[PDB]
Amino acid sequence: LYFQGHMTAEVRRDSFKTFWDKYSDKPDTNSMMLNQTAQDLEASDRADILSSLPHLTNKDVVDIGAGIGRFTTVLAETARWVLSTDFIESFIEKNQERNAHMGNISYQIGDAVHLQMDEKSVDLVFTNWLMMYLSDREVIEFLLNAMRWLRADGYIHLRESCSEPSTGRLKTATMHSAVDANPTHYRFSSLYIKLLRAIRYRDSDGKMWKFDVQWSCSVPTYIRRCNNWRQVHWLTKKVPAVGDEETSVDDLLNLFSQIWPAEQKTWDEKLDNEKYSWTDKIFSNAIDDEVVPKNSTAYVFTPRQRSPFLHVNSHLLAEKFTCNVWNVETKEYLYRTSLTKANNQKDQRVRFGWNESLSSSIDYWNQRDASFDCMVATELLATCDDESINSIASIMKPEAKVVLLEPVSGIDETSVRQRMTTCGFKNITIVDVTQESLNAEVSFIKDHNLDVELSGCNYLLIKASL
């Protein structure tokens, strides 16, 4: 019965510690994952996350919210040193017991909100399921702190339950109470990505920094076993932001708390009822089972520059050709809507990732020695340069076939061939699909009652191979 006893940051801070207090009697993987059968998922999930990290030889790592330390255990195998923290005492105690055989782990009991360390004191800030237990202001404050603590070239890993609990709404799998309110913040995936990209931090030497969000990916184990695409994680690098201006906590908070979630909601309203893509009819006359063999993996790239509706229906692709699909998105809000679709369809063959550019996705897949079976893309030539397009082959099998739908103004077929021939393509054919696209786009808009105009561009449908 004290001042603002229902709403202060401390009361809200303590509501999370109280929630986790309920599990301190069970310092086990069930609590860490809030899943009655966490044994089924734990090792595969941990491997999904740990295999996404950079090598840690000679590096200092801080694992914040480490709990019983299932990541700490493996992180300290290669890192020079790991600081492992959690605000639940028994969890840290269980952490110290499991890891009694190791000698390069420091332990701390405390709230992540109050954690303090020297500038440029770590190389990796590792978290997994933590931001969702902080307020919007605390998330921003946490990220500015990570920025302070990281050395240049340093990384931060984050993984959050986005939009819904890991166990969905609501699985008997959950360890959540069916009657108690759940205090957890299930934010949209797009908000995390945008916040990370927005941050500009000036250090004590007066140097500016920004985050390079290397990727956004769904945790594979949660798709395969929980039909959940919204367990989202990101690897993010601290890099110089020459000439940029600082972003304050208040300036970031306005965006993160009000502006962005609002903008996301308008995109949900436009895209969530999408029954098919207007491009389906167009791609139908260029994609066959010679382009997409049965059980192959297709690489799909949809930047959605000219229009949010210009993309590839990856679900229809996977359905009609019995293939797996990786679809790259570059627009945060539109990537989120693809995750929404993925969760409702529950076709595990279809996967999405967010990257800043084509080059970003190519690096990711290069590092993983991927060789996709084909490419289907909208706006490839329109949005990417020769250098990036030429590097697509480094993630394609020999003779992989491609199909491109391209918005153009004047039709310059000779020039289009020369770009693609310069970027390593062969057997190039070009078909003008402007009238077909005009018909299909209008049919699609009227059918979905979108009060919008046509993209208004001409279209080429291109097929080639490498």
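Sequential numbering from 1, following the sequence displayed.
Stretches 278-286 and 327-335 differ in mean CA B factor, with 278-286 having the higher one.
Checked against the record, the higher mean CA B factor of 147-155 and 215-223 lies with 147-155.
The entry assigns its greatest Cα B factor, within the set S314, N273, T236, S84, to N273. The top Cα temperature factor in the record, among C162, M375, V350, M208, falls on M208. Annotation for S455: C-alpha temperature factor in the lowest third relative to the rest of the modelled chain, per the entry. Ranked by Cα temperature factor within the chain, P303 sits in the lowest third according to the deposited record. For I395, the recorded CA temperature factor ranks within the lowest third of the chain's modelled residues. Ranked within its chain, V403 lands in the middle third, by CA B factor from the PDB record.
Per-chain ranking of the deposited C-alpha B factor places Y201 in the highest third.
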